[PDB]
>>> print(open('coords.pdb').read())   # PDB, N, CA and C atoms
ATOM      1  N   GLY A  52     -24.048   0.998  11.368  1.00  0.00           N
ATOM      2  CA  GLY A  52     -23.079   0.761  10.316  1.00  0.00           C
ATOM      3  C   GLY A  52     -22.060  -0.303  10.658  1.00  0.00           C
ATOM      4  N   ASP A  53     -22.520  -1.544  10.767  1.00  0.00           N
ATOM      5  CA  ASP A  53     -21.651  -2.664  11.083  1.00  0.00           C
ATOM      6  C   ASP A  53     -20.833  -3.071   9.865  1.00  0.00           C
ATOM      7  N   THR A  54     -19.645  -3.606  10.129  1.00  0.00           N
ATOM      8  CA  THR A  54     -18.773  -4.095   9.072  1.00  0.00           C
ATOM      9  C   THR A  54     -18.406  -5.543   9.347  1.00  0.00           C
ATOM     10  N   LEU A  55     -17.467  -6.091   8.574  1.00  0.00           N
ATOM     11  CA  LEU A  55     -17.004  -7.447   8.843  1.00  0.00           C
ATOM     12  C   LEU A  55     -16.343  -7.552  10.206  1.00  0.00           C
ATOM     13  N   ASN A  56     -15.798  -6.450  10.719  1.00  0.00           N
ATOM     14  CA  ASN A  56     -15.169  -6.482  12.034  1.00  0.00           C
ATOM     15  C   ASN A  56     -16.183  -6.777  13.129  1.00  0.00           C
ATOM     16  N   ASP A  57     -17.359  -6.158  13.059  1.00  0.00           N
ATOM     17  CA  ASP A  57     -18.379  -6.414  14.067  1.00  0.00           C
ATOM     18  C   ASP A  57     -18.910  -7.836  13.962  1.00  0.00           C
ATOM     19  N   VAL A  58     -18.968  -8.378  12.748  1.00  0.00           N
ATOM     20  CA  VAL A  58     -19.384  -9.763  12.569  1.00  0.00           C
ATOM     21  C   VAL A  58     -18.345 -10.715  13.143  1.00  0.00           C
ATOM     22  N   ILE A  59     -17.068 -10.457  12.875  1.00  0.00           N
ATOM     23  CA  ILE A  59     -16.020 -11.392  13.261  1.00  0.00           C
ATOM     24  C   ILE A  59     -15.799 -11.386  14.767  1.00  0.00           C
ATOM     25  N   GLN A  60     -16.009 -10.251  15.426  1.00  0.00           N
ATOM     26  CA  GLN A  60     -15.791 -10.190  16.864  1.00  0.00           C
ATOM     27  C   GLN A  60     -16.879 -10.891  17.667  1.00  0.00           C
ATOM     28  N   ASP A  61     -18.014 -11.207  17.054  1.00  0.00           N
ATOM     29  CA  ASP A  61     -19.122 -11.860  17.732  1.00  0.00           C
ATOM     30  C   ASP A  61     -19.154 -13.322  17.326  1.00  0.00           C
ATOM     31  N   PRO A  62     -18.955 -14.269  18.247  1.00  0.00           N
ATOM     32  CA  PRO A  62     -18.883 -15.681  17.836  1.00  0.00           C
ATOM     33  C   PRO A  62     -20.112 -16.169  17.094  1.00  0.00           C
ATOM     34  N   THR A  63     -21.303 -15.739  17.504  1.00  0.00           N
ATOM     35  CA  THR A  63     -22.514 -16.167  16.817  1.00  0.00           C
ATOM     36  C   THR A  63     -22.543 -15.652  15.385  1.00  0.00           C
ATOM     37  N   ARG A  64     -22.258 -14.363  15.194  1.00  0.00           N
ATOM     38  CA  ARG A  64     -22.275 -13.790  13.855  1.00  0.00           C
ATOM     39  C   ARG A  64     -21.129 -14.320  13.004  1.00  0.00           C
ATOM     40  N   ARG A  65     -19.949 -14.491  13.599  1.00  0.00           N
ATOM     41  CA  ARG A  65     -18.825 -15.050  12.858  1.00  0.00           C
ATOM     42  C   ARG A  65     -19.135 -16.457  12.379  1.00  0.00           C
ATOM     43  N   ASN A  66     -19.721 -17.281  13.245  1.00  0.00           N
ATOM     44  CA  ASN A  66     -20.038 -18.641  12.840  1.00  0.00           C
ATOM     45  C   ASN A  66     -21.192 -18.681  11.853  1.00  0.00           C
ATOM     46  N   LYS A  67     -22.150 -17.761  11.965  1.00  0.00           N
ATOM     47  CA  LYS A  67     -23.204 -17.687  10.961  1.00  0.00           C
ATOM     48  C   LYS A  67     -22.631 -17.339   9.596  1.00  0.00           C
ATOM     49  N   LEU A  68     -21.689 -16.396   9.553  1.00  0.00           N
ATOM     50  CA  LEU A  68     -21.029 -16.067   8.296  1.00  0.00           C
ATOM     51  C   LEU A  68     -20.258 -17.256   7.746  1.00  0.00           C
ATOM     52  N   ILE A  69     -19.543 -17.974   8.609  1.00  0.00           N
ATOM     53  CA  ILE A  69     -18.773 -19.129   8.155  1.00  0.00           C
ATOM     54  C   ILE A  69     -19.699 -20.212   7.612  1.00  0.00           C
ATOM     55  N   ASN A  70     -20.805 -20.470   8.311  1.00  0.00           N
ATOM     56  CA  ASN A  70     -21.697 -21.560   7.932  1.00  0.00           C
ATOM     57  C   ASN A  70     -22.477 -21.235   6.668  1.00  0.00           C
ATOM     58  N   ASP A  71     -23.038 -20.030   6.584  1.00  0.00           N
ATOM     59  CA  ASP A  71     -23.886 -19.683   5.454  1.00  0.00           C
ATOM     60  C   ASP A  71     -23.115 -19.553   4.156  1.00  0.00           C
ATOM     61  N   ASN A  72     -21.791 -19.503   4.212  1.00  0.00           N
ATOM     62  CA  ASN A  72     -20.974 -19.348   3.024  1.00  0.00           C
ATOM     63  C   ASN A  72     -20.117 -20.567   2.732  1.00  0.00           C
ATOM     64  N   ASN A  73     -20.280 -21.649   3.492  1.00  0.00           N
ATOM     65  CA  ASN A  73     -19.538 -22.891   3.279  1.00  0.00           C
ATOM     66  C   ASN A  73     -18.034 -22.647   3.289  1.00  0.00           C
ATOM     67  N   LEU A  74     -17.575 -21.806   4.214  1.00  0.00           N
ATOM     68  CA  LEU A  74     -16.177 -21.403   4.210  1.00  0.00           C
ATOM     69  C   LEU A  74     -15.248 -22.498   4.704  1.00  0.00           C
ATOM     70  N   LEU A  75     -15.763 -23.499   5.406  1.00  0.00           N
ATOM     71  CA  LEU A  75     -14.945 -24.610   5.863  1.00  0.00           C
ATOM     72  C   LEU A  75     -14.924 -25.770   4.886  1.00  0.00           C
ATOM     73  N   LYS A  76     -15.620 -25.660   3.763  1.00  0.00           N
ATOM     74  CA  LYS A  76     -15.830 -26.773   2.853  1.00  0.00           C
ATOM     75  C   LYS A  76     -15.169 -26.487   1.516  1.00  0.00           C
ATOM     76  N   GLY A  77     -14.545 -27.511   0.944  1.00  0.00           N
ATOM     77  CA  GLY A  77     -13.930 -27.395  -0.357  1.00  0.00           C
ATOM     78  C   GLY A  77     -14.956 -27.407  -1.469  1.00  0.00           C
ATOM     79  N   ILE A  78     -14.458 -27.374  -2.699  1.00  0.00           N
ATOM     80  CA  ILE A  78     -15.295 -27.328  -3.889  1.00  0.00           C
ATOM     81  C   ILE A  78     -14.955 -28.518  -4.770  1.00  0.00           C
ATOM     82  N   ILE A  79     -15.976 -29.256  -5.188  1.00  0.00           N
ATOM     83  CA  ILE A  79     -15.815 -30.419  -6.048  1.00  0.00           C
ATOM     84  C   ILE A  79     -15.841 -29.922  -7.486  1.00  0.00           C
ATOM     85  N   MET A  80     -14.730 -30.106  -8.199  1.00  0.00           N
ATOM     86  CA  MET A  80     -14.616 -29.721  -9.605  1.00  0.00           C
ATOM     87  C   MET A  80     -15.031 -30.906 -10.470  1.00  0.00           C
ATOM     88  N   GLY A  81     -16.337 -31.111 -10.564  1.00  0.00           N
ATOM     89  CA  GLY A  81     -16.863 -32.140 -11.432  1.00  0.00           C
ATOM     90  C   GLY A  81     -16.929 -31.692 -12.879  1.00  0.00           C
ATOM     91  N   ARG A  82     -17.107 -32.674 -13.768  1.00  0.00           N
ATOM     92  CA  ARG A  82     -17.231 -32.371 -15.188  1.00  0.00           C
ATOM     93  C   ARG A  82     -18.465 -31.535 -15.487  1.00  0.00           C
ATOM     94  N   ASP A  83     -19.483 -31.599 -14.633  1.00  0.00           N
ATOM     95  CA  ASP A  83     -20.660 -30.756 -14.777  1.00  0.00           C
ATOM     96  C   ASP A  83     -20.459 -29.359 -14.209  1.00  0.00           C
ATOM     97  N   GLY A  84     -19.353 -29.109 -13.514  1.00  0.00           N
ATOM     98  CA  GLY A  84     -19.108 -27.816 -12.923  1.00  0.00           C
ATOM     99  C   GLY A  84     -18.780 -27.902 -11.448  1.00  0.00           C
ATOM    100  N   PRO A  85     -18.335 -26.788 -10.875  1.00  0.00           N
ATOM    101  CA  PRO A  85     -17.980 -26.779  -9.452  1.00  0.00           C
ATOM    102  C   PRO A  85     -19.213 -26.783  -8.565  1.00  0.00           C
ATOM    103  N   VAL A  86     -19.162 -27.589  -7.510  1.00  0.00           N
ATOM    104  CA  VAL A  86     -20.230 -27.590  -6.511  1.00  0.00           C
ATOM    105  C   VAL A  86     -19.619 -27.607  -5.116  1.00  0.00           C
ATOM    106  N   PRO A  87     -20.179 -26.895  -4.145  1.00  0.00           N
ATOM    107  CA  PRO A  87     -19.616 -26.940  -2.794  1.00  0.00           C
ATOM    108  C   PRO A  87     -19.755 -28.324  -2.183  1.00  0.00           C
ATOM    109  N   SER A  88     -18.757 -28.706  -1.397  1.00  0.00           N
ATOM    110  CA  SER A  88     -18.799 -29.987  -0.712  1.00  0.00           C
ATOM    111  C   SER A  88     -19.595 -29.871   0.579  1.00  0.00           C
ATOM    112  N   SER A  89     -20.253 -30.962   0.955  1.00  0.00           N
ATOM    113  CA  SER A  89     -20.993 -30.995   2.208  1.00  0.00           C
ATOM    114  C   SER A  89     -20.129 -31.373   3.397  1.00  0.00           C
TER     115      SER A  89
ATOM    116  N   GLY B  52     -23.052  17.732  15.874  1.00  0.00           N
ATOM    117  CA  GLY B  52     -21.961  18.119  15.000  1.00  0.00           C
ATOM    118  C   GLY B  52     -20.619  17.564  15.422  1.00  0.00           C
ATOM    119  N   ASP B  53     -20.511  16.241  15.447  1.00  0.00           N
ATOM    120  CA  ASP B  53     -19.279  15.574  15.833  1.00  0.00           C
ATOM    121  C   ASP B  53     -18.241  15.671  14.723  1.00  0.00           C
ATOM    122  N   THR B  54     -16.976  15.700  15.128  1.00  0.00           N
ATOM    123  CA  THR B  54     -15.867  15.744  14.188  1.00  0.00           C
ATOM    124  C   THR B  54     -14.909  14.601  14.480  1.00  0.00           C
ATOM    125  N   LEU B  55     -13.753  14.585  13.817  1.00  0.00           N
ATOM    126  CA  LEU B  55     -12.765  13.553  14.104  1.00  0.00           C
ATOM    127  C   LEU B  55     -12.271  13.636  15.537  1.00  0.00           C
ATOM    128  N   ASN B  56     -12.331  14.819  16.149  1.00  0.00           N
ATOM    129  CA  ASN B  56     -11.902  14.955  17.535  1.00  0.00           C
ATOM    130  C   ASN B  56     -12.785  14.147  18.472  1.00  0.00           C
ATOM    131  N   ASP B  57     -14.099  14.191  18.266  1.00  0.00           N
ATOM    132  CA  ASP B  57     -14.998  13.415  19.111  1.00  0.00           C
ATOM    133  C   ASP B  57     -14.811  11.922  18.888  1.00  0.00           C
ATOM    134  N   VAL B  58     -14.497  11.522  17.657  1.00  0.00           N
ATOM    135  CA  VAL B  58     -14.230  10.117  17.380  1.00  0.00           C
ATOM    136  C   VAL B  58     -12.947   9.668  18.066  1.00  0.00           C
ATOM    137  N   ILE B  59     -11.895  10.480  17.985  1.00  0.00           N
ATOM    138  CA  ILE B  59     -10.593  10.066  18.487  1.00  0.00           C
ATOM    139  C   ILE B  59     -10.566  10.046  20.009  1.00  0.00           C
ATOM    140  N   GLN B  60     -11.322  10.924  20.660  1.00  0.00           N
ATOM    141  CA  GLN B  60     -11.327  10.957  22.116  1.00  0.00           C
ATOM    142  C   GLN B  60     -12.082   9.794  22.741  1.00  0.00           C
ATOM    143  N   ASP B  61     -12.865   9.054  21.963  1.00  0.00           N
ATOM    144  CA  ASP B  61     -13.619   7.913  22.458  1.00  0.00           C
ATOM    145  C   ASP B  61     -12.931   6.637  22.010  1.00  0.00           C
ATOM    146  N   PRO B  62     -12.435   5.796  22.921  1.00  0.00           N
ATOM    147  CA  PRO B  62     -11.697   4.599  22.481  1.00  0.00           C
ATOM    148  C   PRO B  62     -12.495   3.686  21.569  1.00  0.00           C
ATOM    149  N   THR B  63     -13.790   3.517  21.826  1.00  0.00           N
ATOM    150  CA  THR B  63     -14.600   2.651  20.978  1.00  0.00           C
ATOM    151  C   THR B  63     -14.705   3.210  19.566  1.00  0.00           C
ATOM    152  N   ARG B  64     -15.024   4.499  19.443  1.00  0.00           N
ATOM    153  CA  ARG B  64     -15.149   5.110  18.126  1.00  0.00           C
ATOM    154  C   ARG B  64     -13.799   5.216  17.430  1.00  0.00           C
ATOM    155  N   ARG B  65     -12.743   5.527  18.178  1.00  0.00           N
ATOM    156  CA  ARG B  65     -11.414   5.590  17.585  1.00  0.00           C
ATOM    157  C   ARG B  65     -11.004   4.240  17.023  1.00  0.00           C
ATOM    158  N   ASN B  66     -11.247   3.168  17.774  1.00  0.00           N
ATOM    159  CA  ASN B  66     -10.874   1.852  17.282  1.00  0.00           C
ATOM    160  C   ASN B  66     -11.780   1.396  16.152  1.00  0.00           C
ATOM    161  N   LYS B  67     -13.052   1.796  16.160  1.00  0.00           N
ATOM    162  CA  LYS B  67     -13.910   1.493  15.022  1.00  0.00           C
ATOM    163  C   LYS B  67     -13.402   2.174  13.761  1.00  0.00           C
ATOM    164  N   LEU B  68     -12.981   3.434  13.877  1.00  0.00           N
ATOM    165  CA  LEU B  68     -12.410   4.133  12.733  1.00  0.00           C
ATOM    166  C   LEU B  68     -11.133   3.459  12.254  1.00  0.00           C
ATOM    167  N   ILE B  69     -10.268   3.057  13.184  1.00  0.00           N
ATOM    168  CA  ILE B  69      -9.022   2.401  12.803  1.00  0.00           C
ATOM    169  C   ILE B  69      -9.302   1.076  12.101  1.00  0.00           C
ATOM    170  N   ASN B  70     -10.232   0.287  12.640  1.00  0.00           N
ATOM    171  CA  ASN B  70     -10.490  -1.044  12.102  1.00  0.00           C
ATOM    172  C   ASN B  70     -11.194  -0.983  10.754  1.00  0.00           C
ATOM    173  N   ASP B  71     -12.238  -0.161  10.645  1.00  0.00           N
ATOM    174  CA  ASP B  71     -13.030  -0.124   9.423  1.00  0.00           C
ATOM    175  C   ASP B  71     -12.268   0.454   8.246  1.00  0.00           C
ATOM    176  N   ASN B  72     -11.106   1.050   8.479  1.00  0.00           N
ATOM    177  CA  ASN B  72     -10.320   1.660   7.424  1.00  0.00           C
ATOM    178  C   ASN B  72      -8.975   0.989   7.214  1.00  0.00           C
ATOM    179  N   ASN B  73      -8.702  -0.111   7.913  1.00  0.00           N
ATOM    180  CA  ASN B  73      -7.454  -0.858   7.767  1.00  0.00           C
ATOM    181  C   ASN B  73      -6.240   0.037   7.981  1.00  0.00           C
ATOM    182  N   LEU B  74      -6.309   0.904   8.991  1.00  0.00           N
ATOM    183  CA  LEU B  74      -5.244   1.877   9.186  1.00  0.00           C
ATOM    184  C   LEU B  74      -3.978   1.259   9.754  1.00  0.00           C
ATOM    185  N   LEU B  75      -4.065   0.086  10.370  1.00  0.00           N
ATOM    186  CA  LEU B  75      -2.886  -0.587  10.890  1.00  0.00           C
ATOM    187  C   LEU B  75      -2.262  -1.538   9.887  1.00  0.00           C
ATOM    188  N   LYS B  76      -2.832  -1.660   8.695  1.00  0.00           N
ATOM    189  CA  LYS B  76      -2.435  -2.671   7.731  1.00  0.00           C
ATOM    190  C   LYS B  76      -1.832  -2.009   6.503  1.00  0.00           C
ATOM    191  N   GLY B  77      -0.753  -2.595   5.996  1.00  0.00           N
ATOM    192  CA  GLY B  77      -0.109  -2.101   4.802  1.00  0.00           C
ATOM    193  C   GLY B  77      -0.895  -2.438   3.554  1.00  0.00           C
ATOM    194  N   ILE B  78      -0.319  -2.081   2.413  1.00  0.00           N
ATOM    195  CA  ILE B  78      -0.943  -2.294   1.115  1.00  0.00           C
ATOM    196  C   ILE B  78      -0.010  -3.130   0.256  1.00  0.00           C
ATOM    197  N   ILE B  79      -0.540  -4.198  -0.326  1.00  0.00           N
ATOM    198  CA  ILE B  79       0.222  -5.092  -1.189  1.00  0.00           C
ATOM    199  C   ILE B  79       0.131  -4.538  -2.603  1.00  0.00           C
ATOM    200  N   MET B  80       1.277  -4.153  -3.165  1.00  0.00           N
ATOM    201  CA  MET B  80       1.355  -3.642  -4.532  1.00  0.00           C
ATOM    202  C   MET B  80       1.605  -4.811  -5.478  1.00  0.00           C
ATOM    203  N   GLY B  81       0.545  -5.558  -5.750  1.00  0.00           N
ATOM    204  CA  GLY B  81       0.627  -6.633  -6.713  1.00  0.00           C
ATOM    205  C   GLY B  81       0.526  -6.134  -8.141  1.00  0.00           C
ATOM    206  N   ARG B  82       0.902  -7.010  -9.075  1.00  0.00           N
ATOM    207  CA  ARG B  82       0.812  -6.666 -10.489  1.00  0.00           C
ATOM    208  C   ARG B  82      -0.625  -6.434 -10.929  1.00  0.00           C
ATOM    209  N   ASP B  83      -1.594  -7.014 -10.225  1.00  0.00           N
ATOM    210  CA  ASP B  83      -3.000  -6.761 -10.505  1.00  0.00           C
ATOM    211  C   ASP B  83      -3.507  -5.474  -9.871  1.00  0.00           C
ATOM    212  N   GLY B  84      -2.710  -4.824  -9.028  1.00  0.00           N
ATOM    213  CA  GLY B  84      -3.133  -3.613  -8.371  1.00  0.00           C
ATOM    214  C   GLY B  84      -2.964  -3.676  -6.868  1.00  0.00           C
ATOM    215  N   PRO B  85      -3.126  -2.535  -6.204  1.00  0.00           N
ATOM    216  CA  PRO B  85      -2.970  -2.500  -4.747  1.00  0.00           C
ATOM    217  C   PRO B  85      -4.156  -3.133  -4.039  1.00  0.00           C
ATOM    218  N   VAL B  86      -3.861  -3.927  -3.016  1.00  0.00           N
ATOM    219  CA  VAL B  86      -4.915  -4.493  -2.175  1.00  0.00           C
ATOM    220  C   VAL B  86      -4.517  -4.365  -0.710  1.00  0.00           C
ATOM    221  N   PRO B  87      -5.439  -4.063   0.196  1.00  0.00           N
ATOM    222  CA  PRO B  87      -5.066  -3.977   1.610  1.00  0.00           C
ATOM    223  C   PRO B  87      -4.638  -5.329   2.153  1.00  0.00           C
ATOM    224  N   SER B  88      -3.674  -5.303   3.065  1.00  0.00           N
ATOM    225  CA  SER B  88      -3.211  -6.527   3.695  1.00  0.00           C
ATOM    226  C   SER B  88      -4.114  -6.894   4.863  1.00  0.00           C
ATOM    227  N   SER B  89      -4.246  -8.193   5.111  1.00  0.00           N
ATOM    228  CA  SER B  89      -5.025  -8.658   6.248  1.00  0.00           C
ATOM    229  C   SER B  89      -4.222  -8.705   7.536  1.00  0.00           C
TER     230      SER B  89
END
>>> encode(input="coords.pdb", output="C-alpha cells")
Amino acid sequence: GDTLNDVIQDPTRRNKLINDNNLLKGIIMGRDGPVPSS
Amino acid sequence: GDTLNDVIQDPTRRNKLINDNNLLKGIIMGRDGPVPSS
C-alpha cells in the first residue's frame, strides 16, 4: 500500500513521477487549446 | 491481529500512519471547503 510519500522519498520514483507528468514544464495557451511545453 | 498498538510501537509503521494521514499538517478552511495543508 504505497502512497505519494513512498514515491517522493525514492529519487528514482520521484523523478519518474515528475517526468511522466511534465511537472517541470509550463503550458502553452494557444488558440487551439492548452498543450504542455517541451 | 495487529492493532494501533502494534503500529505505534514500530517507528516505521507509526511514521507511515502519521505520513499517510497528514497528521502533522493543519487544514485550510477555504471558501471552497477544507483542504489538508502541505
>>> resolve_selection(input="coords.pdb", expression="the PyMOL selection byres ((chain A and name CA) within 9 of (chain B and name CA))", output="PDB file with N, CA and C atoms, in the frame of the given file")
ATOM      1  N   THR A  54     -19.645  -3.606  10.129  1.00  0.00           N
ATOM      2  CA  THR A  54     -18.773  -4.095   9.072  1.00  0.00           C
ATOM      3  C   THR A  54     -18.406  -5.543   9.347  1.00  0.00           C
ATOM      4  N   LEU A  55     -17.467  -6.091   8.574  1.00  0.00           N
ATOM      5  CA  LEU A  55     -17.004  -7.447   8.843  1.00  0.00           C
ATOM      6  C   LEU A  55     -16.343  -7.552  10.206  1.00  0.00           C
ATOM      7  N   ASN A  56     -15.798  -6.450  10.719  1.00  0.00           N
ATOM      8  CA  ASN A  56     -15.169  -6.482  12.034  1.00  0.00           C
ATOM      9  C   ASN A  56     -16.183  -6.777  13.129  1.00  0.00           C
TER      10      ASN A  56
END
>>> select_by_dssp(input="coords.pdb", residues="chain B", states="alpha helix (DSSP H)", output="JSON, numbers by chain")
{"B": [55, 56, 57, 58, 59, 60, 62, 63, 64, 65, 66, 67, 68, 69, 70, 71]}
>>> atom_distance(input="coords.pdb", atom1="CA of residue 64 (chain A)", atom2="CA of residue 86 (chain A)")
24.7 Å
>>> select_by_dssp(input="coords.pdb", residues="chain A", states="strand (DSSP E or B)", output="list in words")
residues 78, 79, 80, 81, 84, 85, 86 and 87 of chain A
>>> write_last_selection(input="coords.pdb", atoms="N, CA and C atoms", output="PDB file, in the coordinates of the input")
ATOM      1  N   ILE A  78     -14.458 -27.374  -2.699  1.00  0.00           N
ATOM      2  CA  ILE A  78     -15.295 -27.328  -3.889  1.00  0.00           C
ATOM      3  C   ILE A  78     -14.955 -28.518  -4.770  1.00  0.00           C
ATOM      4  N   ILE A  79     -15.976 -29.256  -5.188  1.00  0.00           N
ATOM      5  CA  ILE A  79     -15.815 -30.419  -6.048  1.00  0.00           C
ATOM      6  C   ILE A  79     -15.841 -29.922  -7.486  1.00  0.00           C
ATOM      7  N   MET A  80     -14.730 -30.106  -8.199  1.00  0.00           N
ATOM      8  CA  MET A  80     -14.616 -29.721  -9.605  1.00  0.00           C
ATOM      9  C   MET A  80     -15.031 -30.906 -10.470  1.00  0.00           C
ATOM     10  N   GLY A  81     -16.337 -31.111 -10.564  1.00  0.00           N
ATOM     11  CA  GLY A  81     -16.863 -32.140 -11.432  1.00  0.00           C
ATOM     12  C   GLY A  81     -16.929 -31.692 -12.879  1.00  0.00           C
ATOM     13  N   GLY A  84     -19.353 -29.109 -13.514  1.00  0.00           N
ATOM     14  CA  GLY A  84     -19.108 -27.816 -12.923  1.00  0.00           C
ATOM     15  C   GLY A  84     -18.780 -27.902 -11.448  1.00  0.00           C
ATOM     16  N   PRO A  85     -18.335 -26.788 -10.875  1.00  0.00           N
ATOM     17  CA  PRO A  85     -17.980 -26.779  -9.452  1.00  0.00           C
ATOM     18  C   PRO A  85     -19.213 -26.783  -8.565  1.00  0.00           C
ATOM     19  N   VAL A  86     -19.162 -27.589  -7.510  1.00  0.00           N
ATOM     20  CA  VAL A  86     -20.230 -27.590  -6.511  1.00  0.00           C
ATOM     21  C   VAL A  86     -19.619 -27.607  -5.116  1.00  0.00           C
ATOM     22  N   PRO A  87     -20.179 -26.895  -4.145  1.00  0.00           N
ATOM     23  CA  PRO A  87     -19.616 -26.940  -2.794  1.00  0.00           C
ATOM     24  C   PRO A  87     -19.755 -28.324  -2.183  1.00  0.00           C
TER      25      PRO A  87
END
>>> atom_distance(input="coords.pdb", atom1="atom N of residue 88 (chain B)", atom2="CA of residue 72 (chain B)")
10.6 Å
>>> atom_distance(input="coords.pdb", atom1="CA of residue 81 (chain B)", atom2="CA of residue 69 (chain B)")
23.6 Å
>>> resolve_selection(input="coords.pdb", expression="the PyMOL selection byres ((chain A and resi 77) around 5)", output="list in words")
residues 75, 76, 78, 79, 87 and 88 of chain A
>>> build_atoms(input="coords.pdb", residues="region 71-85 of chain B", atoms="N, CA, C and O atoms", output="JSON list (two decimals), keeping the file's coordinate frame")
[["chain", "number", "residue", "atom", "x", "y", "z"],
["B", 71, "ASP", "N", -12.24, -0.16, 10.64],
["B", 71, "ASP", "CA", -13.03, -0.12, 9.42],
["B", 71, "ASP", "C", -12.27, 0.45, 8.25],
["B", 71, "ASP", "O", -12.75, 0.36, 7.12],
["B", 72, "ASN", "N", -11.11, 1.05, 8.48],
["B", 72, "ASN", "CA", -10.32, 1.66, 7.42],
["B", 72, "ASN", "C", -8.98, 0.99, 7.21],
["B", 72, "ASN", "O", -8.18, 1.48, 6.40],
["B", 73, "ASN", "N", -8.70, -0.11, 7.91],
["B", 73, "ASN", "CA", -7.45, -0.86, 7.77],
["B", 73, "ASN", "C", -6.24, 0.04, 7.98],
["B", 73, "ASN", "O", -5.25, -0.04, 7.25],
["B", 74, "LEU", "N", -6.31, 0.90, 8.99],
["B", 74, "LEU", "CA", -5.24, 1.88, 9.19],
["B", 74, "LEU", "C", -3.98, 1.26, 9.75],
["B", 74, "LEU", "O", -2.91, 1.85, 9.62],
["B", 75, "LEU", "N", -4.07, 0.09, 10.37],
["B", 75, "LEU", "CA", -2.89, -0.59, 10.89],
["B", 75, "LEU", "C", -2.26, -1.54, 9.89],
["B", 75, "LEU", "O", -1.24, -2.15, 10.20],
["B", 76, "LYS", "N", -2.83, -1.66, 8.70],
["B", 76, "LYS", "CA", -2.44, -2.67, 7.73],
["B", 76, "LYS", "C", -1.83, -2.01, 6.50],
["B", 76, "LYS", "O", -2.33, -0.99, 6.03],
["B", 77, "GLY", "N", -0.75, -2.60, 6.00],
["B", 77, "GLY", "CA", -0.11, -2.10, 4.80],
["B", 77, "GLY", "C", -0.90, -2.44, 3.55],
["B", 77, "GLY", "O", -1.99, -2.98, 3.60],
["B", 78, "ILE", "N", -0.32, -2.08, 2.41],
["B", 78, "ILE", "CA", -0.94, -2.29, 1.12],
["B", 78, "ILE", "C", -0.01, -3.13, 0.26],
["B", 78, "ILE", "O", 1.17, -2.80, 0.12],
["B", 79, "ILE", "N", -0.54, -4.20, -0.33],
["B", 79, "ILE", "CA", 0.22, -5.09, -1.19],
["B", 79, "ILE", "C", 0.13, -4.54, -2.60],
["B", 79, "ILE", "O", -0.96, -4.43, -3.16],
["B", 80, "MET", "N", 1.28, -4.15, -3.16],
["B", 80, "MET", "CA", 1.36, -3.64, -4.53],
["B", 80, "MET", "C", 1.60, -4.81, -5.48],
["B", 80, "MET", "O", 2.72, -5.05, -5.95],
["B", 81, "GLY", "N", 0.55, -5.56, -5.75],
["B", 81, "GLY", "CA", 0.63, -6.63, -6.71],
["B", 81, "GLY", "C", 0.53, -6.13, -8.14],
["B", 81, "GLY", "O", 0.13, -5.00, -8.41],
["B", 82, "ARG", "N", 0.90, -7.01, -9.07],
["B", 82, "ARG", "CA", 0.81, -6.67, -10.49],
["B", 82, "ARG", "C", -0.62, -6.43, -10.93],
["B", 82, "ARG", "O", -0.85, -5.72, -11.91],
["B", 83, "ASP", "N", -1.59, -7.01, -10.22],
["B", 83, "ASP", "CA", -3.00, -6.76, -10.50],
["B", 83, "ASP", "C", -3.51, -5.47, -9.87],
["B", 83, "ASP", "O", -4.64, -5.07, -10.15],
["B", 84, "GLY", "N", -2.71, -4.82, -9.03],
["B", 84, "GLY", "CA", -3.13, -3.61, -8.37],
["B", 84, "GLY", "C", -2.96, -3.68, -6.87],
["B", 84, "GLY", "O", -2.68, -4.73, -6.29],
["B", 85, "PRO", "N", -3.13, -2.54, -6.20],
["B", 85, "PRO", "CA", -2.97, -2.50, -4.75],
["B", 85, "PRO", "C", -4.16, -3.13, -4.04],
["B", 85, "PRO", "O", -5.31, -2.90, -4.39]]
